[PDB]
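Novice: Okay, here's the structure, questions in a sec.
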4 protein chains.
Amino acid sequence: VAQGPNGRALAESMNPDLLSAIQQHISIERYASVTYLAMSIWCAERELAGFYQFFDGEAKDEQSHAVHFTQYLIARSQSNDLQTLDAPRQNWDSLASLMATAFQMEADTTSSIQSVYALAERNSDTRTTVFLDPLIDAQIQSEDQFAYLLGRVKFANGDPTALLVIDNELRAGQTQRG
Amino acid sequence: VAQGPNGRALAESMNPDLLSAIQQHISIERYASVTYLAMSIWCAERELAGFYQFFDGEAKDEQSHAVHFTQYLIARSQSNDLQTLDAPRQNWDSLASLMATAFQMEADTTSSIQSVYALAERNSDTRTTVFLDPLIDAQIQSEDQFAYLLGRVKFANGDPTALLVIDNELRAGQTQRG
Amino acid sequence: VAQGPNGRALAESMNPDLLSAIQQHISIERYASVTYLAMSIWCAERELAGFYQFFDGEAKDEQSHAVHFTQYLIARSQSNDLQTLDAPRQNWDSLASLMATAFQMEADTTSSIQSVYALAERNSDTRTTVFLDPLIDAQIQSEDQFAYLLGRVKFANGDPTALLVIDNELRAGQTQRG
Amino acid sequence: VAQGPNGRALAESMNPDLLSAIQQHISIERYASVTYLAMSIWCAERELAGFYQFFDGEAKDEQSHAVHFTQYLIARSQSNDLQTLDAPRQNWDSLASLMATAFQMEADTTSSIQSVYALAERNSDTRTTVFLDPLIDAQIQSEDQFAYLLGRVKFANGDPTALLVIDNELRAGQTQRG
Ligand SMILES: [Cl-]
Ligand SMILES: [Cl-]
Ligand SMILES: [Cl-]
Ligand SMILES: [Cl-]
Ligand SMILES: [Cl-]
Ligand SMILES: [Cl-]
Ligand SMILES: [Cl-]
Ligand SMILES: [Cl-]
Ligand SMILES: [Cl-]
Ligand SMILES: [Cl-]
Ligand SMILES: [Cl-]
Ligand SMILES: [Cl-]
Ligand SMILES: [Fe+3]
Ligand SMILES: [Fe+3]
Ligand SMILES: [Fe+3]
Ligand SMILES: [Fe+3]
Ligand SMILES: [Fe+3]
Ligand SMILES: [Fe+3]
Ligand SMILES: [Fe+3]
Ligand SMILES: [Fe+3]
Ligand SMILES: [Fe+3]
Ligand SMILES: [Fe+3]
């Protein structure tokens, strides 16, 4: 039995470029987390309590995704390399602008997973494509959800009254089309 | 065993300037109470039932704070001196103006506690600083809450529709960021 | 009513040096979080499942502490500034060495809080000292707990049998003297 | 409607090389089953009751996997061909050696599935890749589990005391990192 780079018994070796791509993707999930924390704060500063609660939860969920990836590297007997984390964006001129950045962050997270997926396919790493499949499915749902929240905020067209109504929807847990 | 100014057994004497400051602070709590009663009435007169219910409760809570302080003076064997109570402000041109006065009243209540706290420290009265610590913590929460309500009302920008939505939030007990 | 640096109504201004110190302390809590994540991974790589579960939870708790501080800055109408986060230490020669780093991380977190506390006192910021008091109390308990775990691991004197027994204690939730 | 090789209505023909590969893989699952039975016996002979119970269950689960594959061939209207089954390995010099063989057996089971998967892709058999996807996911978990058990036994470094502790873990159902 061979030993993997992290010292555990090795079921099958992993291409170093694929390993590097997964380590970088963990940083993307961690960066999404701190970005949603920054967004939660921006909303709290403007008394948008439902948006604050929503993004507070999204921050925790993205961190959970990051940990899920670190566990996959452990399972593959590969080394983890937790990286320096950039500071998030923290300033927006409007809730609509913030929600556009949020949607872009979600779509960019999917693009990162897609890049890992394509590298796994080039390397015939079926364990990794199987691992990523349900994460892509979750991303479809999250993109659908963020398009819904962004579109509803844009429909409000900057009217504070409409934004208060949507804020109360989010506080109540009404965060997707259903 | 020595007898304190109120006749009870005396655990430790209290500086008369500190005693006077606590008696004055009790008046500040009582004045906050009648101010919030006046605000509850102003809101009721304009059919803002959620704001009326909110300030009705705040009036009762501030009175409870006043009584809590009178009990501390009893516990320290110090005399209470219930003072003449000024009439509250009763007229405002808008809900936003009323909420600004409410926030100022809350911040001024904290400033009064801080002044007592500093006098207690100058006199090495550790019982009094310990007594005040949780009251300062409550004040942080109340300032956060009043900044939230004031900010939400200001966001409404005088639109009656938005103010009705917020009024219904308060009636439902949705009074802070959560 | 004045507006604070984050735009909310301002109960009382905060010294900019104290604000900077709190923002830096939030980074210390976030760094403790990612350090405990790195430690959880190191333990998982060596099949120390109880230590992995323990540090996984500590990572989540430290993140919660960081968010708790960001909420205090919101409550004080002060700006948050989420900073770049250093990569954690990730390599140790033994569990005893890892636990020494963990204890040091906990003690250093307390030292950071103490530095903020002293600055708040120099500035007569009683809200901040009151806010920090229960966090210092939690730190006493955490230092006691980490001294217990470190001491128990050192008592094992590198014997794998003893380390398996302690690992099973942690998996069962037996993590302090009780 | 066409009839498949097993006589049932045929939704889509299957490449004979892919069919042969699935029939061979069923033998691999059956061989894993009897191998884990042999390991359960070896452990029972040495009073390692927790390891005996663990491998007894693994033997039953691998047989269930084999039957799951036979049901897929039925669903595809393909013939099953149950093959002669080799005798398992039955002798090991130590529990660590046995656990290495167990890990290798698990990794080799995954390699067999991967070989079927690649053949299905070459033949554009999307039903078969979809069928195999959750089985690969289960294999990731089983490889992670067997790496954990092997690593814990190796950490024991042949100390009977440590092996008794781990044996009791397995009897209690504590068989993975959790
Ligand atoms: Cl920014
Ligand atoms: Cl907007
Ligand atoms: Cl951006
Ligand atoms: Cl008046
Ligand atoms: Cl108004
Ligand atoms: Cl006034
Ligand atoms: Cl390192
Ligand atoms: Cl050690
Ligand atoms: Cl260090
Ligand atoms: Cl043999
Ligand atoms: Cl052994
Ligand atoms: Cl063999
Ligand atoms: Fe994510
Ligand atoms: Fe996401
Ligand atoms: Fe009060
Ligand atoms: Fe008050
Ligand atoms: Fe902390
Ligand atoms: Fe800590
Ligand atoms: Fe306290
Ligand atoms: Fe199997
Ligand atoms: Fe298996
Ligand atoms: Fe799938």
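Quick note: the coordinates plus some simple rules give every number you see, no bench work behind them. Ideal geometry is used to build each Cβ from the backbone, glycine not excepted, and the neighbour counts take in all protein chains shown.
Novice: Using 1/(1 + (r/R0)^6) with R0 = 51 angstrom and r between the beta carbons of residue B:75 and residue A:123, what's the FRET efficiency to the nearest 0.05?
Specialist: About 0.10, to the nearest 0.05.
Novice: Based on the Cβ-Cβ distance of residue D:138 and residue A:177, what FRET efficiency does E = 1/(1 + (r/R0)^6) give at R0 = 30 Å, to the nearest 0.05?
Specialist: It comes to 0.35.
Novice: Using label points projected 7 Å from each Cα along Cα→Cβ, tell me how many nm separate residue A:154 and residue C:157, to one decimal.
Specialist: So the two model labels end up 7.0 nm from each other.
Novice: Right, next: Taking every residue in C:43-52, how many Cβ atoms of other protein chains lie within 10 Å of its Cβ, on average?
Specialist: Neighbouring Cβ atoms belonging to other protein chains average 6 per residue here.
Novice: Roughly how many debye, to the nearest 20, is the charge dipole of chain B about its Cα centre, given +1 on each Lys and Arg Cβ, -1 on each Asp and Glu Cβ, and no other charges?
Specialist: The calculation lands at about 220 debye.
Novice: When chain D is modelled as a GNM with alpha-carbon springs shorter than 10 Å, which of D:104, D:83, D:114 fluctuates the most?
Specialist: Highest fluctuation among the options: D:83.
Novice: Something else now. Among B:130, B:51, B:107, flag the residue with its Cα farthest along the positive direction of the charge dipole of chain B, charges on Cβ as +1 for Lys/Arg and -1 for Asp/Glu.
Specialist: The listed residue farthest towards the positive side: B:130.
Novice: Hey, got the average number of other protein chain Cβ atoms within 10 angstrom for residues in A:113-122?
Specialist: 0
Novice: Would you list which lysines come within 30 Å of residue C:60, measuring only between C-alpha atoms, while excluding same-chain residues fewer than 8 positions from it?
Specialist: Leaving aside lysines fewer than 8 places away in the same chain, those within reach of residue C:60 are A:60, C:154.
Novice: For the protein assembly as shown, just say rounded, prolate or oblate: build the C-alpha gyration tensor, square-root its eigenvalues into a ≥ b ≥ c, call rounded for a/c under 1.5, and beyond that prolate if a/b exceeds b/c, oblate if not.
Specialist: Judged from the Cα gyration tensor, the protein assembly as shown comes out prolate (a/c at least 1.5, a/b above b/c).
Novice: Can you sort C:124, A:33 by how many other beta carbons sit within 10 Å, fewest first?
Specialist: Least crowded to most crowded, the residues run C:124, A:33.
Novice: Let me ask something else about it. Quick check: the distance between the Cα centres of region D:8-56 and region A:129-178, to the nearest angstrom?
Specialist: Taking the Cα centre of each part, region D:8-56 and region A:129-178 sit 46 Å apart.
Novice: A further question on this structure: Considering every residue in D:132-139, what mean count of other chain Cβ atoms within 10 Å of its Cβ is obtained?
Specialist: What the average comes to for D:132-139 is 3.
Novice: Let me ask something additional. About the Cα centre of the protein assembly as shown, what is the dipole size in debye to 20, counting +1 per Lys and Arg Cβ and -1 per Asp and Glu Cβ, all else neutral?
Specialist: In debye, rounded to 20, the protein assembly as shown gives about 340.
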